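Novice: Next up is a structure, given as structure tokens.
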There are 2 protein chains.
Amino acid sequence: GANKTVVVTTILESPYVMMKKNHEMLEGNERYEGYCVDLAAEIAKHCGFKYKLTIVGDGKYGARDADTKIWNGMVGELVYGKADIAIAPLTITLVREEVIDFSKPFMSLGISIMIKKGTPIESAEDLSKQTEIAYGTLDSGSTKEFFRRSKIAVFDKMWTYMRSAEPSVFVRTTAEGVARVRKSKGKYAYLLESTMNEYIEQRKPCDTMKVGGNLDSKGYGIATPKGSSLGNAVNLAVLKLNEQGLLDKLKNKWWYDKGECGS
Amino acid sequence: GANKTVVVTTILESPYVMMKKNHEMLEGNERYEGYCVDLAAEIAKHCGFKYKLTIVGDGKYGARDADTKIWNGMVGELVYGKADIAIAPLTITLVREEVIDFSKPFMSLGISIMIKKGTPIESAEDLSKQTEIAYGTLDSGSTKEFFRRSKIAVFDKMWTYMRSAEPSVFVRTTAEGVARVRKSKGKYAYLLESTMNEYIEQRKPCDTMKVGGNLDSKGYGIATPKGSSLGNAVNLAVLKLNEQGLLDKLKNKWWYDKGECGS
Ligand SMILES: CN(O)C(=O)CC[C@H](C[C@H](N)C(=O)O)C(=O)O
Ligand SMILES: CN(O)C(=O)CC[C@H](C[C@H](N)C(=O)O)C(=O)O
Ligand SMILES: [Li+]
Ligand SMILES: [Li+]
């Protein structure tokens, strides 16, 4: 049949996708800005399609409920045919790869530790061996699921600590995790993806830092429904943009070029 | 039909695949050791196949001749049906992705600079702005092709320099590049993948170092013929091994655990 506008699902998460300050004076895709908005434009230009940016209804990335077997988040929107492509900081994981297609990664990351400056922690092992400095994750997403599933001794110990710690060490949003680090006088550390950690380190009031090595190594990928014809072209576009240096240019644009914490 | 032994193509390159010192007393897959030998065993165990390690006949990774349009190297062995899978430090590139299937990356790398300790170079830009310290690449492979194709100003300038430099700055093997760095009294820098650079930095006589940031960011993938049914299982195996921490364990084993240059 005739070409149709491609429905893109994404999520509001700075600096990936944000509503522009003047969004009420704008329409359609022009309401949004950020790394993933720019990436979507480049992918569409290379693949030759028109598209519509939509925001995932349930605000989730993608997991399958053990009881109902239903996929939520952006993964669910692809699985159930509500969107054609997801362009977002969506981690490539085994269980997601079983149900949707992913491009090769467009950005690398690992789980990492965010501390308030001056907190005496240098590694995951350091955290795991103590309780005075509380630590936790989001209550949803691949970072939480990493800990919940891990059989690596240090990480399994961290998960057991997080489940049993009081008061709750879990947060609902990135903003809440960052605020908790900033307001807890060195007594809370937040486990999050290194990409986000690096972004926040360059935001005022410049009081956080990423410490130690990353806990794992993985990537974000562009996702499509399993078997979608769109997958091949989008993957080739990611590879081309990477080779051209354009993915690095976009990370620099949104993370560092207008960093607020000096040069 | 009945299951058949899977033909794996790979290449002799330390520390990925090496003939064991006592190889003449051994047979079959047991003749070989290294990171990729261990990785092959893990992939086969997860996917449930038997396999035979074979060494690529022409000693190349994979490129298409502009005149004959024939693919060489491990990519060629897959394209022409001489092997079922390639398990090697084979860089995922756009032009290769067009003709074979790749897993998600099992190892990250970027092009990097190897110097003899004490050489006054800290970046690609530094190299590009001078000629007293000669610099070059292998005469075959993705690093060479990166420079040949780049439209990034610094890298295009480096390529023009390399093509016109005398005596020739190209080398035929990794061993020749490393020897040239070691023997040139600080007057040769070798451009190579960061993985290899990091390996050599931990080998006696401990006189090289990796300097500056990487020039690009990419990955090695397990390759199969386009459309091969084996691709799905192998990709899921890579993702599982990564999540379990086993890829990092294997890199540590072959790069650092028996490093020769201290702790
Ligand atoms: C960058 N961004 O995505 C965030 O920080 C949000 C929380 C991520 C989601 C994760 N990428 C997923 O795909 O599940 C996490 O689980 O850490
Ligand atoms: C690790 N190993 O692979 C080497 O050092 C050999 C040379 C690599 C080959 C490259 N991975 C390819 O896939 O073409 C290079 O072009 O730098
Ligand atoms: Li998939
Ligand atoms: Li491919």
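Numbering starts at 1 and runs along the chain as displayed.
Structure determined by X-ray crystallography, 1.2 Å.
Cβ coordinates are placed from backbone N, Cα and C, and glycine is handled just like the others.
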Novice: Looking at Swiss-Prot, B:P89, B:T91, B:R96, B:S142, B:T143 are annotated for L-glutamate. Which of B:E33, B:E193, B:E198 sits in that same site?
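Specialist: Same L-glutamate site in Swiss-Prot: B:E193.
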Novice: Choosing among B:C47, B:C206, which residue does Swiss-Prot name as bonded to B:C261 by a disulfide?
Specialist: B:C206
Novice: If you check Swiss-Prot for phosphoserine, which of B:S103, B:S164, B:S168, B:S184 comes up?
Specialist: B:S184
Novice: Based on what Swiss-Prot says, identify which of B:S150, B:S194 is the phosphoserine one.
Specialist: B:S150
Novice: Starting from the L-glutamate site formed by B:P89, B:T91, B:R96, B:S142, B:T143, B:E193, give every other residue of that chain whose CB sits within 8 Å of the mean position of their CB atoms, in sequence order.
Specialist: B:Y61, B:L90, B:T93, B:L109, B:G141, B:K218, B:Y220
Novice: Just the number: how many Å between the Cα atoms of B:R64 (site 'Interaction with the cone snail toxin Con-ikot-ikot') and B:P89 (L-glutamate binding site)?
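Specialist: Computed Cα spacing between B:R64 (site 'Interaction with the cone snail toxin Con-ikot-ikot') and B:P89 (L-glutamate binding site) is 18 Å.
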Novice: Look at each of the recorded positions, B:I121, B:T143, and point out the one with the fewest other Cβ atoms around it within 10 Å.
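Specialist: Selected from the recorded positions B:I121, B:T143 on minimum Cβ neighbours within 10 Å: B:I121.
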Novice: Could you state the whole-number distance in Å separating the C-alpha atoms of B:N3 (N-linked glycosylation site) and B:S142 (L-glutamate binding site)?
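Specialist: Cα-Cα distance, B:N3 (N-linked glycosylation site) to B:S142 (L-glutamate binding site): 34 Å.
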Novice: Over all pairs within B:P89, B:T91, B:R96, B:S142, B:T143, B:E193, the annotated L-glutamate binders, what is the largest Cα to Cα distance, rounded to whole Å?
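Specialist: Pairwise Cα check on B:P89, B:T91, B:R96, B:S142, B:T143, B:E193 gives a maximum of 18 Å.
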